[PDB]
Amino acid sequence: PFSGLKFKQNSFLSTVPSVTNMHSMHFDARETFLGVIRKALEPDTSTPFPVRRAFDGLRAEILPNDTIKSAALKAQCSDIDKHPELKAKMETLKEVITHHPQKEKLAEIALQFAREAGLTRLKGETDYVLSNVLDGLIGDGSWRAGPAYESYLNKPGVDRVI
Amino acid sequence: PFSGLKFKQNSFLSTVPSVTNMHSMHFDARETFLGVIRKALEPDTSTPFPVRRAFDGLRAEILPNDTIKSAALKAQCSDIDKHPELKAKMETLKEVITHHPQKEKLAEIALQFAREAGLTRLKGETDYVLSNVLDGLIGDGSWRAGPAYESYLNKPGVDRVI
Amino acid sequence: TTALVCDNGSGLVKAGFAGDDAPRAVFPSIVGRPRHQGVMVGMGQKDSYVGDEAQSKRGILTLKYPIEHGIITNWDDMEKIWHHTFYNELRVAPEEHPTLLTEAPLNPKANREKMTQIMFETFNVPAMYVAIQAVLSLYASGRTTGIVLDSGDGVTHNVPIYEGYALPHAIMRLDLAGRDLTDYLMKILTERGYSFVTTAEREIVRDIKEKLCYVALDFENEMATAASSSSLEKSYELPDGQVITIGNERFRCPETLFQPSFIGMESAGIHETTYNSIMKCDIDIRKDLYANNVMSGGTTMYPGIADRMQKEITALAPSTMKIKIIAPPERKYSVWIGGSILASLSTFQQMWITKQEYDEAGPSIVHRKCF
Amino acid sequence: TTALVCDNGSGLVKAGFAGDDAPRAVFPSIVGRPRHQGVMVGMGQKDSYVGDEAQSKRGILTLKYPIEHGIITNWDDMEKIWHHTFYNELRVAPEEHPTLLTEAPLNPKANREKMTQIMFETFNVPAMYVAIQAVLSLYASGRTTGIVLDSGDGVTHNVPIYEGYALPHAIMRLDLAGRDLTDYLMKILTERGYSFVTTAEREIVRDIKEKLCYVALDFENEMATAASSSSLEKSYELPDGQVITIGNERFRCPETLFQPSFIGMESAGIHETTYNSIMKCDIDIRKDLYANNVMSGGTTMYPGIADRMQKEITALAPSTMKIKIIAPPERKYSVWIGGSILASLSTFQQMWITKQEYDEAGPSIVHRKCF
Amino acid sequence: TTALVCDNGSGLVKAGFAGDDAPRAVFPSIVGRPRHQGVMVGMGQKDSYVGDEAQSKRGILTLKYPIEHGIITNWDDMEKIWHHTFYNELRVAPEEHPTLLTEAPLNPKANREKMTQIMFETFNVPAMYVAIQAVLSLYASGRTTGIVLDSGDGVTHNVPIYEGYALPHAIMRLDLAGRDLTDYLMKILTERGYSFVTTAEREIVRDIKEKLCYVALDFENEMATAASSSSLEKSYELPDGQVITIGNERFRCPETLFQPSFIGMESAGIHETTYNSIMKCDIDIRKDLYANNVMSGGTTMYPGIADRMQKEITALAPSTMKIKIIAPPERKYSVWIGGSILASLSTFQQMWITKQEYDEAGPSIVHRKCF
Ligand SMILES: Nc1ncnc2c1ncn2[C@@H]1O[C@H](COP(=O)(O)OP(=O)(O)O)[C@@H](O)[C@H]1O
Ligand SMILES: Nc1ncnc2c1ncn2[C@@H]1O[C@H](COP(=O)(O)OP(=O)(O)O)[C@@H](O)[C@H]1O
Ligand SMILES: Nc1ncnc2c1ncn2[C@@H]1O[C@H](COP(=O)(O)OP(=O)(O)O)[C@@H](O)[C@H]1O
Ligand SMILES: [Mg+2]
Ligand SMILES: [Mg+2]
Ligand SMILES: [Mg+2]
């Protein structure tokens with residue numbers, strides 16, 4: 001449905017923050033991961049116009065720029081059944097990011113935001129956008145468990161070593 | 001005469017040995033104190049060239065690197081009156097180290113080599129290099145007496161205490 | 001009622017009202033994300049600094065530019081900087097005053113189409129207009145003819161223009177500019193050991209460049225002065241306190257404008273692409289272009305740049321007739337000031353792009369407004 | 001309702017409620033078993049004294065510390081001391097109030113993982129939080145920037161931090177601290193014959209140290225004052241009655257902070273690992289770190305320590321710009337007081353580690369809470 | 001008659017004769033002063049050990065490197081190590097054989113000027129020549145084109161070069177290298193409690209690093225293997241006898257090459273500054289640079305480093321065309337072996353720097369010999 005549309009390569013490398021940045025306690029990882037997905041889905045100008053402004057027109061009510069619009073976006077994410085026409089337009093974007101040409105480089109960085117920044121600390125209770133965008137990049141959706149484990153205690157030998 | 005010449009800060013901190021090192025009986029404190037003064041007077045590369053290789057050219061016949069050259073250097077220090085042209089070029093370097101920008105940090109460490117390593121155990125009979133380089137860093141030259149005293153015996157009270 | 005004029009500078013966003021002599025606020029076009037822990041609890045907010053507050057706080061930020069080579073790349077950040085212009089530093093409602101964006105010639109169409117689409121559908125300005133950089137600069141001259149060496153932070157370009165009429169085929173444009181100066185100055189400081197690596201140091205390289213670097217009148221004979229290095233070197237205090245000094249690298253960096261092979265780009269220098277532009281122009285105008293050369297843009301604030309190109313174009317011109325280099329003392333703001341004039345003309349209020357004619361036109365309306 | 005803050009001191013456990021100015025109870029972190037016959041029949045109970053009652057009864061005990069070098073070693077005794085905090089001296093139910101443990105940076109992970117596992121599965125506190133030592137101390141400063149010479153009893157460390165944002169790669173840490181001072185003071189009392197051998201005497205060495213030892217402004221020139229030993233010596237009454245006196249050993253012991261080769265560890269002194277930390281920091285912050293140096297921790301209560309490092313960092317800094325040493329008169333309690341502030345902030349009650357989120361997380365939850 | 005080639009390694013001095021396949025002697029670039037009493041009377045001599053004898057005797061020495069970041073700092077010690085090469089281990093008279101020093105690109109000029117002045121006016125070699133590191137490594141390839149990821153102990157750098165002709169503006173260089181790996185490995189051993197502090201332990205950290213650390217193919221998915229920590233851990237016997245073990249810290253240390261934010265330096269990884277170098281190169285060469293990527297230097301002996309960057313540059317390249325990573329099994333000695341070839345060419349004996357042309361030239365002669 002959005003055929004004839006493409007993106008420029010490596011469009012998001014300036015946007016992904018440092019690892020010491022995302023180890024912050026005042027780091028609301030939602031609006032900076034979406035801000036990566038916003039920049040990563042910036043359509044290349046080689047796409048023709050009538051498919052460009054439609055796909056951009058789908059974006060502004062899905063991935064807004066202002067911090068009050070995305071905070072307003074989460075408001076209907078609690079009752080996504082009662083908002084079908086925006087909920088139905090979301091899986092279109094999920095279909096687009098499924099065929100994204102740098103999907104693996106996204107999917108490598110997408111769950112790098114999940115562990116180091118704690119993006120997926122709800123694990124099944126995250127809202128509708130962070131659910132399917134990760135499910136757009138991670139096919140099996142196996143991100144539910146796995147970042148929580150960190151191999152806490154094991155001492156196969158001697159005590160403190162000096 | 002050596003105007004427009006400068007050094008980098010803290011250039012000698014790697015060179016000054018530990019205190020337990022300089023409490024050695026096989027620690028000939030001359031060639032390791034000169035080796036500090038050699039490194040501490042390393043000219044910074046921001047100095048221009050024709051003042052750089054002249055001041056470096058004064059050094060190689062004053063502060064050599066090999067242990068046989070400095071041992072040869074002490075040989076004319078016994079008859080420094082009969083070698084005027086090198087004796088006259090020494091006070092030029094004494095003038096340089098007088099205006100050294102880290103003189104106090106040198107002069108703090110310069111007599112730290114004097115006590116802990118026993119550099120000044122001749123006290124008036126040291127040769128010409130260790131004389132004026134210390135006199136370059138210590139202005140009044142009051143290093144003759146003072147490191148020898150250590151406050152041997154005083155018992156203002158009771159005997160052994162268990 | 002009044003109009004705003006806001007030169008989208010490639011390095012420094014210059015902005016202000018129409019009819020004002022000086023631009024109201026000039027701030028560097030820098031957006032910056034922080035890059036560290038933030039273990040404080042209160043000061044961890046404001047996750048993207050932009051402008052002067054990113055300039056002062058530059059030690060903990062990854063300073064990135066939204067515009068490179070005159071082409072607006074990161075449109076997400078470019079909203080953030082324009083929101084900082086209107087609300088945060090001009091304190092004006094954008095929905096009430098008309099704006100006037102400016103841009104380089106020969107940039108991509110989508111740099112223009114998106115720029116108007118992000119102006120109406122985001123800021124809802126009443127009317128906008130996009131101007132070529134150098135054709136604003138003749139309004140700053142108060143003179144209607146002559147080519148312009150408009151060298152900015154991101155791109156340099158020549159727009160030859162006779163009285164009224166421009167020469168569109170003879171517009172030449174080189175991407176060598178102040179960032180390519182700054183990046184080459186970073187390369188040649190490493191020869192003296194002053195290794196300045198990351199973007200915070202890339203900022204202070206420009207402070208070295210704008211305070212020290214002059215361009216030489218005769219490059220080889222003044223290089224030979226640096227052989228007998230006696231009085232060439234100055235010395236610059238870094239923000240930490242330790243001081244540098246710099247010798248032949250002080251003038252060898254702005255020779256990139258004249259020998260672009262120093263940064264290895266295969267081109268003619270800006271003295272020669274000047275003459276290559278005037279040779280492209282028709283033969284009657286060439287007498288008047290030689291008498292009218294307007295230096296413009298902040299890169300051309302190098303001392304000696306007027307005395308150099310007056311010498312060097314004379315080497316290329318036929319020597320029987322005179323050359324002039326019109327270098328005013330306001331070259332840094334010349335694009336804005338001419339932009340401040342053009343919005344104030346009474347014959348211009350029909351030349352805008354209004355919203356009521358935008359809505360049936362779409363973003364291609366700016367291609368039928370001065371190309 | 002209220003929170004408890006209990007700094008796990010390496011030498012002195014400091015504890016109290018949130019929002020209180022002074023910590024409620026400060027007692028030395030000493031557990032001690034007796035070591036003799038006990039031929040009395042009634043007083044033979046209480047086979048492990050801890051805290052002040054181990055301090056007063058120190059003559060018949062083997063006084064051992066549970067924490068060395070900031071690393072909690074004996075976890076069996078470390079339960080015993082925390083049980084003494086909550087029940088025996090604070091008299092509060094730990095299951096009702098949230099706690100806030102504090103620890104050094106760059107300690108092992110199991111020092112943190114076991115510490116939370118022994119907090120929930122033993123004391124059943126509602127919510128806990130682990131803080132880096134020195135980042136609490138800026139809250140005691142009421143100032144959001146500057147490095148901290150936080151020298152405790154067990155470890156010293158520098159946490160450089162700009163406004164909000166810390167520098168995790170530039171955190172430096174040396175194990176030289178007050179016990180390494182005390183052990184070196186025991187070595188140099190033997191030069192005057194005052195042989196203090198075992199742990200009861202190791203306690204009274206610290207009473208010699210905290211009452212007498214000052215650090216010299218200029219080490220060599222004030223050593224030369226001890227050559228003409230006229231007014232340097234003071235004299236200290238031991239608990240038995242016989243009196244000692246001490247000369248050059250009074251100031252030569254705290255020079256271990258500046259010459260770590262005295263105890264033979266190959267390192268830079270705390271004046272130099274200060275400067276080595278600021279050189280690791282980025283170049284813009286260095287101007288502000290030099291104006292903001294917070295002495296903290298009980299080791300830095302030596303008289304003259306501020307006048308020394310202000311002199312000595314000036315020797316290492318570029319002299320064109322100023323240095324400051326912020327040494328408040330509450331440096332002994334600065335980690336607690338800043339800890340008392342941080343728990344009292346209204347923006348902090350979402351930053352805890354609750355039990356209901358612990359149970360699906362396990363002890364690795366603290367690694368995703370401020371590292 | 002024959003020439004010597006002696007790669008001034010930042011970590012390991014590699015040396016040998018011209019035309020030899022293997023370098024004659026490889027010893028670590030360590031000079032070391034002792035740091036203790038020496039109450040023996042006979043063995044107190046030789047007050048500065050250097051090389052392998054400093055390596056074996058490393059427990060009583062302060063091991064310091066003369067070269068950091070590819071820049072020769074301590075010129076007094078750098079004489080001592082070169083005197084150890086020629087006399088002590090090669091046993092050749094330096095006045096008879098020509099030498100060939102090697103160095104990194106973009107190092108300071110005084111690192112080159114002093115290096116030739118300390119070569120003639122101290123060792124009196126007949127003729128010398130200074131070569132860029134990576135351009136020697138193509139001679140080891142036997143192939144005349146392709147960029148080189150030459151990552152040494154002290155610096156990594158990319159020298160893109162087409163057949164014959166190099167790209168001087170596209171030479172990129174990062175200071176992240178094996179010491180920055182070793183220093184970060186020391187930081188992350190403390191998370192498991194293995195506190196290795198001083199320079200003798202900094203040596204044995206490198207023995208941990210070179211024997212154990214591999215780089216991961218996919219960092220996050222193989223980090224998740226360390227969550228179910230079953231088969232990742234190996235275990236290493238220290239020289240005293242007590243054994244360590246190491247889990248996720250084994251592969252997390254060489255990820256500093258790819259995420260330089262781990263040591264907090266703001267840069268692109270060596271996978272990305274590869275691609276940033278090739279984007280700087282002209283558009284025809286880019287097809288051939290992608291087919292020709294030479295890993296070189298001892299840092300790139302990590303297992304899996306070829307399989308990683310072949311994956312990761314493929315993520316950055318346009319996927320329509322192939323990538324190759326030429327990782328020979330002699331990458332540790334590739335700079336020497338290509339240096340051994342270049343001195344043996346019959347077309348090279350006019351390319352030296354002879355003493356008879358030095359004497360009227362001075363130390364600036366090397367700036368007119370291959371820059
Ligand atoms: N007074 C000055 N002296 C030297 N260089 C200057 C001076 N002012 C500005 N520059 C250089 O010019 C550049 C500013 O370019 P500018 O004209 O602002 O670009 P734009 O036209 O895209 O806004 C900066 O990189 C700066 O280094
Ligand atoms: N007033 C003082 N004068 C000198 N030394 C002191 C003073 N107060 C404490 N100390 C030393 O400081 C140490 C206490 O440090 P402390 O604040 O307990 O560190 P921590 O709280 O991290 O354990 C003790 O070893 C003591 O020797
Ligand atoms: N087999 C190996 N496995 C892993 N790392 C190695 C190996 N061999 C060497 N290294 C690393 O490479 C460094 C040697 O690099 P070197 O050849 O000295 O570079 P340069 O000669 O340019 O200084 C050592 O410090 C070590 O850390
Ligand atoms: Mg400008
Ligand atoms: Mg404490
Ligand atoms: Mg190498």
# chains A, B, ... in the order shown; residues from 1 in each chain; ligands from 1

$ select_by_dssp --residues "region 12-128 of chain A" --states "helix (DSSP H, G or I)" --output "VMD selection string"
chain A and resid 19 to 22 29 to 40 49 to 59 67 to 77 80 to 82 84 to 98 103 to 110 112 to 116 128

$ write_last_selection --atoms "C-alpha atoms" --output "PDB file, in the first residue's frame"
ATOM      1  CA  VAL A  19      25.313   4.035  26.691  1.00  0.00           C
ATOM      2  CA  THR A  20      26.289   6.170  29.681  1.00  0.00           C
ATOM      3  CA  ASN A  21      23.429   8.470  28.737  1.00  0.00           C
ATOM      4  CA  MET A  22      20.864   5.697  28.719  1.00  0.00           C
ATOM      5  CA  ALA A  29      13.226   5.776  27.354  1.00  0.00           C
ATOM      6  CA  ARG A  30       9.893   5.917  25.518  1.00  0.00           C
ATOM      7  CA  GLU A  31      10.105   9.314  23.840  1.00  0.00           C
ATOM      8  CA  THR A  32      13.761   8.877  22.986  1.00  0.00           C
ATOM      9  CA  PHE A  33      13.259   5.451  21.460  1.00  0.00           C
ATOM     10  CA  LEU A  34      10.323   6.739  19.444  1.00  0.00           C
ATOM     11  CA  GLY A  35      12.574   9.665  18.565  1.00  0.00           C
ATOM     12  CA  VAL A  36      14.984   7.136  17.140  1.00  0.00           C
ATOM     13  CA  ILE A  37      12.143   5.424  15.269  1.00  0.00           C
ATOM     14  CA  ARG A  38      10.964   8.859  14.136  1.00  0.00           C
ATOM     15  CA  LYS A  39      14.350   9.658  12.640  1.00  0.00           C
ATOM     16  CA  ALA A  40      14.960   6.133  11.384  1.00  0.00           C
ATOM     17  CA  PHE A  49       5.420  12.946  -3.512  1.00  0.00           C
ATOM     18  CA  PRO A  50       1.905  11.391  -3.258  1.00  0.00           C
ATOM     19  CA  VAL A  51       3.251   8.420  -1.327  1.00  0.00           C
ATOM     20  CA  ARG A  52       5.496  10.734   0.698  1.00  0.00           C
ATOM     21  CA  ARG A  53       3.015  13.133   2.258  1.00  0.00           C
ATOM     22  CA  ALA A  54       0.554  10.329   2.960  1.00  0.00           C
ATOM     23  CA  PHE A  55       3.120   8.314   4.903  1.00  0.00           C
ATOM     24  CA  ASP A  56       4.280  11.502   6.582  1.00  0.00           C
ATOM     25  CA  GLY A  57       0.622  12.289   7.163  1.00  0.00           C
ATOM     26  CA  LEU A  58       0.166   8.953   8.889  1.00  0.00           C
ATOM     27  CA  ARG A  59       3.149   9.742  11.087  1.00  0.00           C
ATOM     28  CA  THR A  67       6.281  15.831  24.362  1.00  0.00           C
ATOM     29  CA  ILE A  68       2.630  16.721  24.959  1.00  0.00           C
ATOM     30  CA  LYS A  69       1.388  14.933  21.826  1.00  0.00           C
ATOM     31  CA  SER A  70       3.093  11.643  22.675  1.00  0.00           C
ATOM     32  CA  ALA A  71       1.832  12.038  26.230  1.00  0.00           C
ATOM     33  CA  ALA A  72      -1.590  12.544  24.685  1.00  0.00           C
ATOM     34  CA  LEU A  73      -0.864   9.531  22.476  1.00  0.00           C
ATOM     35  CA  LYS A  74      -0.471   7.262  25.508  1.00  0.00           C
ATOM     36  CA  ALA A  75      -3.908   8.395  26.724  1.00  0.00           C
ATOM     37  CA  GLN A  76      -5.784   6.470  24.068  1.00  0.00           C
ATOM     38  CA  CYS A  77      -3.328   3.604  24.408  1.00  0.00           C
ATOM     39  CA  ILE A  80      -7.057   1.181  22.252  1.00  0.00           C
ATOM     40  CA  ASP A  81     -10.169  -0.928  21.609  1.00  0.00           C
ATOM     41  CA  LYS A  82     -12.318   2.204  21.764  1.00  0.00           C
ATOM     42  CA  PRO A  84     -10.240   1.656  16.140  1.00  0.00           C
ATOM     43  CA  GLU A  85      -9.365   3.988  13.279  1.00  0.00           C
ATOM     44  CA  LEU A  86      -6.035   4.980  14.780  1.00  0.00           C
ATOM     45  CA  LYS A  87      -5.480   1.459  16.061  1.00  0.00           C
ATOM     46  CA  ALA A  88      -6.083   0.067  12.585  1.00  0.00           C
ATOM     47  CA  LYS A  89      -3.689   2.568  11.043  1.00  0.00           C
ATOM     48  CA  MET A  90      -0.938   1.469  13.403  1.00  0.00           C
ATOM     49  CA  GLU A  91      -0.498  -2.005  11.914  1.00  0.00           C
ATOM     50  CA  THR A  92       0.058  -0.358   8.552  1.00  0.00           C
ATOM     51  CA  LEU A  93       3.158   1.256  10.032  1.00  0.00           C
ATOM     52  CA  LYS A  94       4.023  -2.078  11.617  1.00  0.00           C
ATOM     53  CA  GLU A  95       3.872  -3.546   8.127  1.00  0.00           C
ATOM     54  CA  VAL A  96       6.158  -0.767   6.879  1.00  0.00           C
ATOM     55  CA  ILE A  97       8.805  -1.257   9.558  1.00  0.00           C
ATOM     56  CA  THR A  98       8.656  -4.989   8.955  1.00  0.00           C
ATOM     57  CA  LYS A 103      15.625  -3.923  10.164  1.00  0.00           C
ATOM     58  CA  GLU A 104      18.437  -5.947  11.725  1.00  0.00           C
ATOM     59  CA  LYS A 105      20.427  -2.843  12.596  1.00  0.00           C
ATOM     60  CA  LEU A 106      17.255  -1.420  14.066  1.00  0.00           C
ATOM     61  CA  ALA A 107      16.416  -4.678  15.845  1.00  0.00           C
ATOM     62  CA  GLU A 108      19.934  -4.788  17.220  1.00  0.00           C
ATOM     63  CA  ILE A 109      19.600  -1.301  18.602  1.00  0.00           C
ATOM     64  CA  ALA A 110      15.906  -1.615  19.497  1.00  0.00           C
ATOM     65  CA  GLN A 112      19.695  -2.278  23.208  1.00  0.00           C
ATOM     66  CA  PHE A 113      17.319   0.439  24.341  1.00  0.00           C
ATOM     67  CA  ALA A 114      15.397  -2.252  26.190  1.00  0.00           C
ATOM     68  CA  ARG A 115      18.119  -3.376  28.572  1.00  0.00           C
ATOM     69  CA  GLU A 116      20.476  -0.452  29.152  1.00  0.00           C
ATOM     70  CA  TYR A 128       0.296  -0.341  22.211  1.00  0.00           C
TER      71      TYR A 128
END

$ closest_atom_pairs --of "chain E" --to "chain C" --cutoff "12 Å" --atoms "only C-alpha atoms" --output "CSV"
residue,atom,partner,partner_atom,distance
E:69,CA,C:195,CA,11.0
E:70,CA,C:193,CA,11.4
E:71,CA,C:193,CA,9.0
E:72,CA,C:193,CA,11.4
E:73,CA,C:193,CA,11.6
E:105,CA,C:191,CA,10.0
E:106,CA,C:190,CA,6.3
E:107,CA,C:191,CA,6.5
E:108,CA,C:191,CA,4.4
E:109,CA,C:191,CA,5.2
E:110,CA,C:192,CA,7.6
E:111,CA,C:193,CA,9.0
E:112,CA,C:191,CA,10.1
E:113,CA,C:191,CA,11.3
E:166,CA,C:264,CA,11.1
E:167,CA,C:264,CA,8.2
E:168,CA,C:264,CA,7.7
E:169,CA,C:263,CA,5.9
E:170,CA,C:264,CA,8.9
E:171,CA,C:187,CA,10.0
E:172,CA,C:187,CA,9.9
E:173,CA,C:197,CA,9.9
E:174,CA,C:197,CA,8.8
E:175,CA,C:197,CA,9.6
E:176,CA,C:197,CA,11.9
E:261,CA,C:35,CA,8.9
E:262,CA,C:36,CA,10.9
E:263,CA,C:36,CA,11.5
E:264,CA,C:36,CA,8.4
E:265,CA,C:198,CA,8.4
E:266,CA,C:198,CA,6.4
E:267,CA,C:198,CA,7.2
E:268,CA,C:198,CA,10.4
E:280,CA,C:264,CA,10.1
E:281,CA,C:264,CA,9.8
E:282,CA,C:265,CA,9.4
E:364,CA,C:227,CA,10.8
E:367,CA,C:191,CA,11.1
E:371,CA,C:191,CA,10.8

$ write_last_selection --atoms "N, CA and C atoms" --output "CSV table (one decimal), in the first residue's frame"
chain,number,residue,atom,x,y,z
E,69,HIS,N,50.0,6.6,23.5
E,69,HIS,CA,49.1,7.0,22.4
E,69,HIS,C,49.9,7.2,21.1
E,70,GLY,N,50.9,6.5,20.9
E,70,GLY,CA,51.8,6.6,19.7
E,70,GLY,C,52.7,7.7,19.8
E,71,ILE,N,52.7,8.5,20.8
E,71,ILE,CA,53.5,9.7,20.9
E,71,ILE,C,54.6,9.3,21.9
E,72,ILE,N,55.9,9.5,21.5
E,72,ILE,CA,57.0,9.2,22.4
E,72,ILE,C,57.1,10.3,23.4
E,73,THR,N,56.9,10.0,24.6
E,73,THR,CA,57.0,11.0,25.7
E,73,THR,C,58.3,11.1,26.4
E,105,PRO,N,50.5,7.7,11.6
E,105,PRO,CA,50.1,8.9,11.0
E,105,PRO,C,49.5,9.9,12.0
E,106,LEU,N,49.5,11.1,11.6
E,106,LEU,CA,48.9,12.2,12.4
E,106,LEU,C,49.5,12.4,13.8
E,107,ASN,N,50.7,11.9,14.1
E,107,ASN,CA,51.3,12.1,15.3
E,107,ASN,C,52.0,13.5,15.2
E,108,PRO,N,52.4,14.1,16.3
E,108,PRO,CA,53.1,15.4,16.3
E,108,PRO,C,54.3,15.4,15.4
E,109,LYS,N,54.7,16.6,15.0
E,109,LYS,CA,55.9,16.7,14.2
E,109,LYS,C,57.2,16.5,15.1
E,110,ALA,N,57.1,16.9,16.3
E,110,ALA,CA,58.3,16.7,17.2
E,110,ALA,C,58.5,15.3,17.6
E,111,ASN,N,57.5,14.4,17.4
E,111,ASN,CA,57.7,13.0,17.5
E,111,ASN,C,58.5,12.5,16.4
E,112,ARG,N,58.5,13.2,15.3
E,112,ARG,CA,59.3,12.7,14.1
E,112,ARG,C,60.6,13.4,14.1
E,113,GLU,N,60.6,14.7,14.4
E,113,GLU,CA,61.9,15.5,14.4
E,113,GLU,C,62.9,15.1,15.4
E,166,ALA,N,47.6,7.3,-2.0
E,166,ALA,CA,46.9,7.3,-0.7
E,166,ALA,C,45.9,8.4,-0.7
E,167,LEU,N,45.1,8.5,0.3
E,167,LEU,CA,44.1,9.5,0.5
E,167,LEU,C,44.5,10.2,1.8
E,168,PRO,N,45.2,11.3,1.8
E,168,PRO,CA,45.7,11.9,3.0
E,168,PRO,C,44.7,12.6,3.8
E,169,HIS,N,43.6,13.1,3.1
E,169,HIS,CA,42.6,13.8,3.9
E,169,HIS,C,41.7,12.8,4.5
E,170,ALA,N,41.6,11.5,4.1
E,170,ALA,CA,40.7,10.5,4.6
E,170,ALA,C,41.4,9.6,5.6
E,171,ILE,N,42.6,10.0,6.0
E,171,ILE,CA,43.2,9.2,7.1
E,171,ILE,C,42.5,9.5,8.4
E,172,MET,N,41.9,8.5,9.0
E,172,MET,CA,41.3,8.7,10.3
E,172,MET,C,42.1,8.0,11.4
E,173,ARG,N,41.9,8.4,12.6
E,173,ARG,CA,42.8,7.9,13.7
E,173,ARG,C,42.1,8.1,15.0
E,174,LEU,N,42.0,7.0,15.8
E,174,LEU,CA,41.4,7.0,17.1
E,174,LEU,C,42.4,6.6,18.1
E,175,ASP,N,42.4,7.2,19.3
E,175,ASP,CA,43.4,6.8,20.3
E,175,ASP,C,42.9,5.6,21.1
E,176,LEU,N,41.8,5.0,20.8
E,176,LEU,CA,41.3,3.8,21.5
E,176,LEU,C,42.1,2.6,21.0
E,261,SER,N,31.8,4.6,23.9
E,261,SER,CA,31.1,5.2,25.0
E,261,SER,C,31.3,4.4,26.3
E,262,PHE,N,31.8,3.1,26.2
E,262,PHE,CA,32.0,2.3,27.3
E,262,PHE,C,33.2,2.9,28.2
E,263,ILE,N,34.2,3.4,27.5
E,263,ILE,CA,35.2,4.2,28.2
E,263,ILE,C,34.9,5.6,28.1
E,264,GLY,N,33.7,5.9,27.6
E,264,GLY,CA,33.2,7.3,27.7
E,264,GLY,C,33.8,8.3,26.7
E,265,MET,N,34.6,7.8,25.8
E,265,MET,CA,35.1,8.7,24.8
E,265,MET,C,34.0,8.8,23.7
E,266,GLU,N,33.7,10.0,23.3
E,266,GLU,CA,32.7,10.3,22.3
E,266,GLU,C,33.2,10.1,20.9
E,267,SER,N,33.0,9.0,20.4
E,267,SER,CA,33.5,8.7,19.0
E,267,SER,C,32.7,7.6,18.4
E,268,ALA,N,32.9,7.4,17.1
E,268,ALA,CA,32.4,6.2,16.5
E,268,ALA,C,33.3,5.1,16.7
E,280,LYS,N,34.6,9.3,3.0
E,280,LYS,CA,35.5,10.4,2.7
E,280,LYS,C,36.2,10.2,1.4
E,281,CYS,N,36.4,9.0,1.0
E,281,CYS,CA,37.2,8.7,-0.2
E,281,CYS,C,36.3,8.9,-1.4
E,282,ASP,N,36.9,9.1,-2.6
E,282,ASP,CA,36.2,9.4,-3.8
E,282,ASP,C,35.4,8.2,-4.3
E,364,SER,N,64.5,18.9,10.0
E,364,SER,CA,63.4,19.1,9.2
E,364,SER,C,63.4,18.3,7.9
E,367,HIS,N,60.4,16.0,7.2
E,367,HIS,CA,59.2,16.5,6.7
E,367,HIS,C,59.1,16.6,5.2
E,371,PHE,N,56.3,13.3,4.1
E,371,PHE,CA,55.5,14.1,5.0
E,371,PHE,C,55.7,13.9,6.5

$ residues_near_ligand --ligand "ligand 4" --cutoff "9 Å" --atoms "only C-alpha atoms and all ligand atoms" --output "PyMOL selection string"
chain C and resi 7-14+151-154+296-299+331-336

$ closest_atom_pairs --of "chain B" --to "chain E" --cutoff "10 Å" --atoms "only C-alpha atoms" --output "tab-separated table"
residue	atom	partner	partner_atom	distance
B:11	CA	E:74	CA	9.3
B:12	CA	E:74	CA	9.7
B:14	CA	E:64	CA	8.4
B:15	CA	E:33	CA	9.2
B:17	CA	E:35	CA	7.1
B:18	CA	E:35	CA	6.0
B:19	CA	E:35	CA	8.2
B:20	CA	E:36	CA	5.2
B:21	CA	E:36	CA	4.5
B:22	CA	E:37	CA	7.7
B:23	CA	E:37	CA	6.1
B:24	CA	E:37	CA	5.0
B:25	CA	E:39	CA	7.1
B:26	CA	E:44	CA	5.6
B:27	CA	E:47	CA	8.1
B:28	CA	E:47	CA	9.5
B:32	CA	E:47	CA	9.5
B:35	CA	E:76	CA	8.5
B:38	CA	E:76	CA	8.3
B:39	CA	E:76	CA	7.4
B:42	CA	E:75	CA	9.1
B:44	CA	E:110	CA	9.9
B:45	CA	E:110	CA	6.8
B:46	CA	E:110	CA	9.8
B:64	CA	E:76	CA	9.9
B:65	CA	E:76	CA	7.1
B:66	CA	E:80	CA	9.3
